[PDB]
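Novice: Attaching a single structure in C-alpha coordinates format; questions to follow.
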Amino acid sequence: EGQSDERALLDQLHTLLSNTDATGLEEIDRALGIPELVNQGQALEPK
Amino acid sequence: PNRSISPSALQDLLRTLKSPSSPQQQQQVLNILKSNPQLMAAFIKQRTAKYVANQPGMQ
(Lines give C-alpha, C1' and ligand atoms only; values in the text may rest on other atoms or scores of the structure.)
Protein backbone atom coordinates (compact mmCIF):
# COMPACT_ATOMS: atom_id res chain seq x y z
CA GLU A 1 0.00 0.00 0.00
CA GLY A 2 1.40 3.57 0.69
CA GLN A 3 2.03 2.87 4.44
CA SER A 4 1.20 6.36 5.73
CA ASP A 5 -2.21 6.30 7.45
CA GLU A 6 -2.01 2.50 7.09
CA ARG A 7 1.37 2.58 8.91
CA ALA A 8 0.23 5.02 11.61
CA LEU A 9 -3.06 3.14 12.25
CA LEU A 10 -1.22 -0.28 12.13
CA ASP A 11 1.38 1.09 14.62
CA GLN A 12 -1.22 2.29 17.16
CA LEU A 13 -3.28 -0.91 16.63
CA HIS A 14 -0.33 -3.33 17.18
CA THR A 15 0.69 -1.09 20.14
CA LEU A 16 -2.82 -1.58 21.66
CA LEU A 17 -2.82 -5.32 20.77
CA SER A 18 0.63 -5.82 22.41
CA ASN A 19 0.66 -2.96 25.09
CA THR A 20 2.05 -5.64 27.54
CA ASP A 21 -1.05 -7.91 27.90
CA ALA A 22 -4.83 -8.27 28.42
CA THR A 23 -6.53 -10.94 30.60
CA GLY A 24 -8.10 -12.86 27.62
CA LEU A 25 -5.09 -12.16 25.32
CA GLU A 26 -3.53 -15.28 26.95
CA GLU A 27 -6.16 -17.39 25.07
CA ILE A 28 -5.71 -15.35 21.85
CA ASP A 29 -1.91 -16.02 22.11
CA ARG A 30 -2.24 -19.82 22.75
CA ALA A 31 -4.98 -20.03 20.03
CA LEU A 32 -2.14 -18.80 17.73
CA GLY A 33 0.52 -21.04 19.45
CA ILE A 34 2.45 -17.86 20.49
CA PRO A 35 3.92 -19.30 23.81
CA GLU A 36 5.39 -22.13 21.62
CA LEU A 37 6.58 -19.61 18.92
CA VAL A 38 8.55 -17.99 21.85
CA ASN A 39 10.78 -21.11 22.33
CA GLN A 40 10.97 -21.41 18.48
CA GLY A 41 12.54 -17.86 18.56
CA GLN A 42 9.91 -16.29 16.21
CA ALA A 43 10.31 -12.89 17.99
CA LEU A 44 13.98 -12.81 16.79
CA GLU A 45 13.18 -13.53 13.09
CA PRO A 46 12.91 -10.70 10.48
CA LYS A 47 9.85 -12.71 9.22
CA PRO B 1 -10.68 -1.06 4.26
CA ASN B 2 -8.62 -1.18 1.04
CA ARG B 3 -5.96 1.68 1.04
CA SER B 4 -5.56 1.10 4.78
CA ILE B 5 -6.77 -2.47 5.52
CA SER B 6 -7.70 -1.84 9.23
CA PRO B 7 -9.57 1.64 9.10
CA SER B 8 -12.79 -0.13 10.30
CA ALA B 9 -10.89 -2.22 12.93
CA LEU B 10 -9.46 1.22 13.93
CA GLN B 11 -12.89 1.60 15.60
CA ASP B 12 -13.83 -2.05 16.32
CA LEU B 13 -10.50 -3.86 17.14
CA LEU B 14 -9.44 -0.71 19.03
CA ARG B 15 -12.70 -0.68 21.11
CA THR B 16 -12.36 -4.56 21.33
CA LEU B 17 -9.23 -4.06 23.50
CA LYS B 18 -9.90 -0.52 24.86
CA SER B 19 -12.98 -2.24 26.39
CA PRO B 20 -10.84 -4.77 28.40
CA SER B 21 -10.33 -8.47 27.51
CA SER B 22 -12.58 -9.48 30.50
CA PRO B 23 -15.99 -8.95 28.71
CA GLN B 24 -13.75 -8.95 25.57
CA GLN B 25 -12.02 -12.28 26.62
CA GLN B 26 -13.35 -14.16 23.54
CA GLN B 27 -12.15 -14.78 19.93
CA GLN B 28 -13.86 -11.43 18.99
CA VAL B 29 -10.27 -10.07 19.04
CA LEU B 30 -9.14 -12.93 16.76
CA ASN B 31 -12.11 -12.37 14.39
CA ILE B 32 -11.17 -8.66 13.80
CA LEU B 33 -7.35 -9.38 14.09
CA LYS B 34 -7.41 -11.39 10.83
CA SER B 35 -8.66 -8.39 8.72
CA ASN B 36 -5.35 -6.49 8.36
CA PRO B 37 -2.77 -9.30 7.71
CA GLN B 38 0.13 -6.96 8.68
CA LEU B 39 -1.69 -6.08 11.95
CA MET B 40 -2.14 -9.86 12.52
CA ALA B 41 1.57 -10.52 11.85
CA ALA B 42 2.59 -7.40 13.90
CA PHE B 43 0.39 -8.73 16.75
CA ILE B 44 1.99 -12.23 16.51
CA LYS B 45 5.51 -10.68 16.25
CA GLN B 46 5.14 -8.16 19.13
CA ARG B 47 3.14 -10.73 21.25
CA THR B 48 6.12 -13.11 20.83
CA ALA B 49 8.55 -10.15 21.44
CA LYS B 50 6.70 -9.17 24.70
CA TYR B 51 7.06 -12.83 25.78
CA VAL B 52 10.81 -13.27 25.01
CA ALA B 53 11.25 -9.92 26.86
CA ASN B 54 9.57 -11.65 29.93
CA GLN B 55 10.11 -15.48 29.66
CA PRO B 56 12.78 -16.24 26.94
CA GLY B 57 13.98 -19.65 28.32
CA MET B 58 16.66 -19.89 25.57
CA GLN B 59 15.34 -17.37 22.91
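Lettering and numbering for the C-alpha coordinates are positional, with chains as A, B, ... in the shown order, residues counted from 1 in each chain, and ligands counted from 1 in the shown order.
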Taking only C-alpha atoms into account, find every residue of chain A that has an atom no more than 8 Å from chain B, and write it out as number ranges by chain.
Specialist: A: 1-3, 5-6, 9-10, 13-14, 16-18, 20, 22-25, 27-29, 32, 34-35, 37-44
Novice: Mind dumping the selected residues with N, CA and C atoms as a JSON list (two decimals), in the first residue's frame?
Specialist:
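The resulting file, again.json, is shown below:
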[["chain", "number", "residue", "atom", "x", "y", "z"],
["A", 1, "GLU", "N", 0.87, -1.21, 0.00],
["A", 1, "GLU", "CA", 0.00, 0.00, 0.00],
["A", 1, "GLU", "C", 0.90, 1.24, 0.00],
["A", 2, "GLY", "N", 0.54, 2.37, 0.63],
["A", 2, "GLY", "CA", 1.40, 3.57, 0.69],
["A", 2, "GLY", "C", 1.85, 3.89, 2.12],
["A", 3, "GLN", "N", 1.82, 2.88, 3.00],
["A", 3, "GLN", "CA", 2.03, 2.87, 4.44],
["A", 3, "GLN", "C", 2.36, 4.21, 5.10],
["A", 5, "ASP", "N", -1.15, 6.41, 6.46],
["A", 5, "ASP", "CA", -2.21, 6.30, 7.45],
["A", 5, "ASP", "C", -2.35, 4.83, 7.84],
["A", 6, "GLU", "N", -2.07, 3.93, 6.90],
["A", 6, "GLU", "CA", -2.01, 2.50, 7.09],
["A", 6, "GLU", "C", -0.91, 2.14, 8.08],
["A", 9, "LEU", "N", -1.97, 3.85, 11.59],
["A", 9, "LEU", "CA", -3.06, 3.14, 12.25],
["A", 9, "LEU", "C", -2.68, 1.69, 12.60],
["A", 10, "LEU", "N", -1.83, 1.01, 11.80],
["A", 10, "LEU", "CA", -1.22, -0.28, 12.13],
["A", 10, "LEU", "C", -0.36, -0.17, 13.39],
["A", 13, "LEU", "N", -2.48, 0.30, 16.42],
["A", 13, "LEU", "CA", -3.28, -0.91, 16.63],
["A", 13, "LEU", "C", -2.42, -2.06, 17.15],
["A", 14, "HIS", "N", -1.20, -2.29, 16.63],
["A", 14, "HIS", "CA", -0.33, -3.33, 17.18],
["A", 14, "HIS", "C", 0.24, -2.92, 18.55],
["A", 16, "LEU", "N", -1.69, -1.12, 20.85],
["A", 16, "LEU", "CA", -2.82, -1.58, 21.66],
["A", 16, "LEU", "C", -2.75, -3.10, 21.88],
["A", 17, "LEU", "N", -2.72, -3.86, 20.78],
["A", 17, "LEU", "CA", -2.82, -5.32, 20.77],
["A", 17, "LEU", "C", -1.58, -6.04, 21.33],
["A", 18, "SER", "N", -0.56, -5.29, 21.76],
["A", 18, "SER", "CA", 0.63, -5.82, 22.41],
["A", 18, "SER", "C", 1.19, -4.91, 23.52],
["A", 20, "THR", "N", 1.62, -4.71, 26.49],
["A", 20, "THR", "CA", 2.05, -5.64, 27.54],
["A", 20, "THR", "C", 1.11, -6.81, 27.36],
["A", 22, "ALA", "N", -3.43, -8.40, 28.09],
["A", 22, "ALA", "CA", -4.83, -8.27, 28.42],
["A", 22, "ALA", "C", -5.31, -9.66, 28.85],
["A", 23, "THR", "N", -6.14, -9.70, 29.89],
["A", 23, "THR", "CA", -6.53, -10.94, 30.60],
["A", 23, "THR", "C", -7.14, -12.09, 29.78],
["A", 24, "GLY", "N", -7.68, -11.83, 28.58],
["A", 24, "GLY", "CA", -8.10, -12.86, 27.62],
["A", 24, "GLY", "C", -7.14, -13.05, 26.44],
["A", 25, "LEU", "N", -6.22, -12.09, 26.24],
["A", 25, "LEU", "CA", -5.09, -12.16, 25.32],
["A", 25, "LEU", "C", -4.20, -13.39, 25.51],
["A", 27, "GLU", "N", -5.49, -16.44, 25.96],
["A", 27, "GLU", "CA", -6.16, -17.39, 25.07],
["A", 27, "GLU", "C", -5.86, -17.04, 23.61],
["A", 28, "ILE", "N", -5.98, -15.77, 23.22],
["A", 28, "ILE", "CA", -5.71, -15.35, 21.85],
["A", 28, "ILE", "C", -4.28, -15.73, 21.43],
["A", 29, "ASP", "N", -3.30, -15.61, 22.34],
["A", 29, "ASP", "CA", -1.91, -16.02, 22.11],
["A", 29, "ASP", "C", -1.80, -17.54, 21.94],
["A", 32, "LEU", "N", -3.10, -19.03, 18.80],
["A", 32, "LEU", "CA", -2.14, -18.80, 17.73],
["A", 32, "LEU", "C", -0.77, -19.44, 18.02],
["A", 34, "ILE", "N", 1.42, -18.87, 20.22],
["A", 34, "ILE", "CA", 2.45, -17.86, 20.49],
["A", 34, "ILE", "C", 3.43, -18.27, 21.60],
["A", 35, "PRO", "N", 3.01, -18.76, 22.79],
["A", 35, "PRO", "CA", 3.92, -19.30, 23.81],
["A", 35, "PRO", "C", 4.84, -20.45, 23.36],
["A", 37, "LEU", "N", 5.80, -20.47, 19.83],
["A", 37, "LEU", "CA", 6.58, -19.61, 18.92],
["A", 37, "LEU", "C", 7.70, -18.83, 19.65],
["A", 38, "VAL", "N", 7.52, -18.54, 20.94],
["A", 38, "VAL", "CA", 8.55, -17.99, 21.85],
["A", 38, "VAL", "C", 9.79, -18.90, 21.88],
["A", 39, "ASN", "N", 9.64, -20.17, 22.29],
["A", 39, "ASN", "CA", 10.78, -21.11, 22.33],
["A", 39, "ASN", "C", 11.32, -21.46, 20.93],
["A", 40, "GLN", "N", 10.50, -21.33, 19.87],
["A", 40, "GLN", "CA", 10.97, -21.41, 18.48],
["A", 40, "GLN", "C", 11.85, -20.21, 18.09],
["A", 41, "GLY", "N", 11.78, -19.08, 18.82],
["A", 41, "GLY", "CA", 12.54, -17.86, 18.56],
["A", 41, "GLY", "C", 11.88, -16.90, 17.56],
["A", 42, "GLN", "N", 10.58, -17.04, 17.27],
["A", 42, "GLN", "CA", 9.91, -16.29, 16.21],
["A", 42, "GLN", "C", 10.01, -14.75, 16.39],
["A", 43, "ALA", "N", 10.08, -14.29, 17.64],
["A", 43, "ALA", "CA", 10.31, -12.89, 17.99],
["A", 43, "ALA", "C", 11.62, -12.31, 17.41],
["A", 44, "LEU", "N", 12.64, -13.16, 17.26],
["A", 44, "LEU", "CA", 13.98, -12.81, 16.79],
["A", 44, "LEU", "C", 14.12, -12.84, 15.26]]
Novice: Run DSSP on the backbone and tell me which residues of chain B come out as helix (DSSP H, G or I); list them as a PDB file with N, CA, C and O atoms, in the first residue's frame.
Specialist:
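Now in states-v8.pdb:
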ATOM      1  N   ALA B   9     -11.500  -1.666  11.715  1.00  0.00           N
ATOM      2  CA  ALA B   9     -10.893  -2.221  12.926  1.00  0.00           C
ATOM      3  C   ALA B   9     -10.259  -1.129  13.809  1.00  0.00           C
ATOM      4  O   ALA B   9     -10.152  -1.274  15.027  1.00  0.00           O
ATOM      5  N   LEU B  10      -9.872   0.007  13.231  1.00  0.00           N
ATOM      6  CA  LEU B  10      -9.457   1.222  13.932  1.00  0.00           C
ATOM      7  C   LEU B  10     -10.534   1.684  14.919  1.00  0.00           C
ATOM      8  O   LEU B  10     -10.190   2.271  15.932  1.00  0.00           O
ATOM      9  N   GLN B  11     -11.816   1.417  14.637  1.00  0.00           N
ATOM     10  CA  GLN B  11     -12.887   1.598  15.598  1.00  0.00           C
ATOM     11  C   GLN B  11     -13.079   0.285  16.367  1.00  0.00           C
ATOM     12  O   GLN B  11     -12.925   0.256  17.586  1.00  0.00           O
ATOM     13  N   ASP B  12     -13.378  -0.819  15.661  1.00  0.00           N
ATOM     14  CA  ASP B  12     -13.826  -2.053  16.316  1.00  0.00           C
ATOM     15  C   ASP B  12     -12.773  -2.948  16.987  1.00  0.00           C
ATOM     16  O   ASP B  12     -13.064  -3.481  18.057  1.00  0.00           O
ATOM     17  N   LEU B  13     -11.561  -3.116  16.435  1.00  0.00           N
ATOM     18  CA  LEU B  13     -10.501  -3.863  17.135  1.00  0.00           C
ATOM     19  C   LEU B  13      -9.892  -3.007  18.258  1.00  0.00           C
ATOM     20  O   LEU B  13      -9.579  -3.512  19.332  1.00  0.00           O
ATOM     21  N   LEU B  14      -9.818  -1.692  18.023  1.00  0.00           N
ATOM     22  CA  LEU B  14      -9.442  -0.706  19.027  1.00  0.00           C
ATOM     23  C   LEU B  14     -10.410  -0.767  20.217  1.00  0.00           C
ATOM     24  O   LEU B  14      -9.965  -1.090  21.318  1.00  0.00           O
ATOM     25  N   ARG B  15     -11.723  -0.547  20.025  1.00  0.00           N
ATOM     26  CA  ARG B  15     -12.699  -0.676  21.115  1.00  0.00           C
ATOM     27  C   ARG B  15     -12.777  -2.110  21.670  1.00  0.00           C
ATOM     28  O   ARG B  15     -13.040  -2.246  22.862  1.00  0.00           O
ATOM     29  N   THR B  16     -12.475  -3.150  20.875  1.00  0.00           N
ATOM     30  CA  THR B  16     -12.361  -4.556  21.327  1.00  0.00           C
ATOM     31  C   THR B  16     -11.251  -4.815  22.341  1.00  0.00           C
ATOM     32  O   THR B  16     -11.357  -5.789  23.090  1.00  0.00           O
ATOM     33  N   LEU B  17     -10.230  -3.952  22.428  1.00  0.00           N
ATOM     34  CA  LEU B  17      -9.232  -4.058  23.498  1.00  0.00           C
ATOM     35  C   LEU B  17      -9.191  -2.842  24.428  1.00  0.00           C
ATOM     36  O   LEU B  17      -8.767  -2.990  25.575  1.00  0.00           O
ATOM     37  N   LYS B  18      -9.672  -1.667  23.985  1.00  0.00           N
ATOM     38  CA  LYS B  18      -9.904  -0.517  24.856  1.00  0.00           C
ATOM     39  C   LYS B  18     -10.983  -0.895  25.870  1.00  0.00           C
ATOM     40  O   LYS B  18     -10.869  -0.509  27.029  1.00  0.00           O
ATOM     41  N   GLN B  28     -13.499 -12.673  19.667  1.00  0.00           N
ATOM     42  CA  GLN B  28     -13.863 -11.428  18.994  1.00  0.00           C
ATOM     43  C   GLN B  28     -12.643 -10.553  18.687  1.00  0.00           C
ATOM     44  O   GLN B  28     -12.698  -9.788  17.727  1.00  0.00           O
ATOM     45  N   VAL B  29     -11.533 -10.707  19.430  1.00  0.00           N
ATOM     46  CA  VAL B  29     -10.270 -10.073  19.043  1.00  0.00           C
ATOM     47  C   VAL B  29      -9.809 -10.752  17.759  1.00  0.00           C
ATOM     48  O   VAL B  29      -9.578 -10.090  16.753  1.00  0.00           O
ATOM     49  N   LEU B  30      -9.695 -12.082  17.806  1.00  0.00           N
ATOM     50  CA  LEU B  30      -9.137 -12.933  16.762  1.00  0.00           C
ATOM     51  C   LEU B  30      -9.904 -12.795  15.431  1.00  0.00           C
ATOM     52  O   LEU B  30      -9.313 -12.783  14.346  1.00  0.00           O
ATOM     53  N   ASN B  31     -11.223 -12.607  15.527  1.00  0.00           N
ATOM     54  CA  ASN B  31     -12.109 -12.373  14.395  1.00  0.00           C
ATOM     55  C   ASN B  31     -11.927 -10.998  13.733  1.00  0.00           C
ATOM     56  O   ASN B  31     -12.151 -10.907  12.525  1.00  0.00           O
ATOM     57  N   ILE B  32     -11.512  -9.947  14.446  1.00  0.00           N
ATOM     58  CA  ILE B  32     -11.175  -8.661  13.804  1.00  0.00           C
ATOM     59  C   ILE B  32      -9.679  -8.608  13.424  1.00  0.00           C
ATOM     60  O   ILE B  32      -9.343  -8.121  12.342  1.00  0.00           O
ATOM     61  N   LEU B  33      -8.802  -9.199  14.259  1.00  0.00           N
ATOM     62  CA  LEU B  33      -7.350  -9.377  14.092  1.00  0.00           C
ATOM     63  C   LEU B  33      -6.999  -9.776  12.664  1.00  0.00           C
ATOM     64  O   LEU B  33      -6.134  -9.163  12.044  1.00  0.00           O
ATOM     65  N   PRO B  37      -3.728  -8.204   7.553  1.00  0.00           N
ATOM     66  CA  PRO B  37      -2.774  -9.304   7.709  1.00  0.00           C
ATOM     67  C   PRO B  37      -1.455  -8.831   8.350  1.00  0.00           C
ATOM     68  O   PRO B  37      -0.834  -9.567   9.110  1.00  0.00           O
ATOM     69  N   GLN B  38      -1.053  -7.587   8.076  1.00  0.00           N
ATOM     70  CA  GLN B  38       0.132  -6.963   8.681  1.00  0.00           C
ATOM     71  C   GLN B  38      -0.099  -6.661  10.155  1.00  0.00           C
ATOM     72  O   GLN B  38       0.804  -6.882  10.952  1.00  0.00           O
ATOM     73  N   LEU B  39      -1.299  -6.201  10.542  1.00  0.00           N
ATOM     74  CA  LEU B  39      -1.685  -6.080  11.953  1.00  0.00           C
ATOM     75  C   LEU B  39      -1.638  -7.451  12.617  1.00  0.00           C
ATOM     76  O   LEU B  39      -1.053  -7.574  13.687  1.00  0.00           O
ATOM     77  N   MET B  40      -2.189  -8.489  11.988  1.00  0.00           N
ATOM     78  CA  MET B  40      -2.138  -9.858  12.517  1.00  0.00           C
ATOM     79  C   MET B  40      -0.702 -10.334  12.725  1.00  0.00           C
ATOM     80  O   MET B  40      -0.340 -10.793  13.810  1.00  0.00           O
ATOM     81  N   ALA B  41       0.160 -10.193  11.711  1.00  0.00           N
ATOM     82  CA  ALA B  41       1.571 -10.525  11.852  1.00  0.00           C
ATOM     83  C   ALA B  41       2.292  -9.642  12.876  1.00  0.00           C
ATOM     84  O   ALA B  41       3.075 -10.166  13.658  1.00  0.00           O
ATOM     85  N   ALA B  42       2.036  -8.326  12.909  1.00  0.00           N
ATOM     86  CA  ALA B  42       2.591  -7.401  13.901  1.00  0.00           C
ATOM     87  C   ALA B  42       2.148  -7.751  15.326  1.00  0.00           C
ATOM     88  O   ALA B  42       2.963  -7.698  16.245  1.00  0.00           O
ATOM     89  N   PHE B  43       0.881  -8.166  15.506  1.00  0.00           N
ATOM     90  CA  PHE B  43       0.387  -8.734  16.754  1.00  0.00           C
ATOM     91  C   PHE B  43       1.242  -9.948  17.080  1.00  0.00           C
ATOM     92  O   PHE B  43       1.957  -9.914  18.065  1.00  0.00           O
ATOM     93  N   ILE B  44       1.269 -10.980  16.232  1.00  0.00           N
ATOM     94  CA  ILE B  44       1.988 -12.230  16.515  1.00  0.00           C
ATOM     95  C   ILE B  44       3.473 -11.966  16.842  1.00  0.00           C
ATOM     96  O   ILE B  44       3.994 -12.463  17.841  1.00  0.00           O
ATOM     97  N   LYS B  45       4.135 -11.124  16.036  1.00  0.00           N
ATOM     98  CA  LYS B  45       5.509 -10.679  16.248  1.00  0.00           C
ATOM     99  C   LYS B  45       5.680  -9.998  17.605  1.00  0.00           C
ATOM    100  O   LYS B  45       6.469 -10.481  18.413  1.00  0.00           O
ATOM    101  N   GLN B  46       4.962  -8.900  17.881  1.00  0.00           N
ATOM    102  CA  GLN B  46       5.143  -8.159  19.130  1.00  0.00           C
ATOM    103  C   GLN B  46       4.615  -8.953  20.334  1.00  0.00           C
ATOM    104  O   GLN B  46       5.211  -8.862  21.394  1.00  0.00           O
ATOM    105  N   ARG B  47       3.564  -9.782  20.204  1.00  0.00           N
ATOM    106  CA  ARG B  47       3.139 -10.726  21.246  1.00  0.00           C
ATOM    107  C   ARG B  47       4.323 -11.623  21.619  1.00  0.00           C
ATOM    108  O   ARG B  47       4.713 -11.689  22.783  1.00  0.00           O
ATOM    109  N   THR B  48       4.932 -12.278  20.623  1.00  0.00           N
ATOM    110  CA  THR B  48       6.124 -13.108  20.834  1.00  0.00           C
ATOM    111  C   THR B  48       7.293 -12.297  21.419  1.00  0.00           C
ATOM    112  O   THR B  48       7.953 -12.760  22.348  1.00  0.00           O
ATOM    113  N   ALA B  49       7.533 -11.075  20.914  1.00  0.00           N
ATOM    114  CA  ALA B  49       8.549 -10.153  21.436  1.00  0.00           C
ATOM    115  C   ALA B  49       8.326  -9.792  22.916  1.00  0.00           C
ATOM    116  O   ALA B  49       9.258  -9.907  23.715  1.00  0.00           O
ATOM    117  N   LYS B  50       7.091  -9.428  23.311  1.00  0.00           N
ATOM    118  CA  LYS B  50       6.701  -9.173  24.702  1.00  0.00           C
ATOM    119  C   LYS B  50       7.004 -10.389  25.578  1.00  0.00           C
ATOM    120  O   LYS B  50       7.492 -10.227  26.694  1.00  0.00           O
ATOM    121  N   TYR B  51       6.751 -11.600  25.069  1.00  0.00           N
ATOM    122  CA  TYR B  51       7.059 -12.830  25.780  1.00  0.00           C
ATOM    123  C   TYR B  51       8.551 -13.075  25.927  1.00  0.00           C
ATOM    124  O   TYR B  51       8.986 -13.305  27.046  1.00  0.00           O
ATOM    125  N   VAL B  52       9.356 -13.062  24.855  1.00  0.00           N
ATOM    126  CA  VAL B  52      10.813 -13.271  25.009  1.00  0.00           C
ATOM    127  C   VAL B  52      11.447 -12.187  25.894  1.00  0.00           C
ATOM    128  O   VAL B  52      12.363 -12.472  26.660  1.00  0.00           O
TER     129      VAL B  52
END
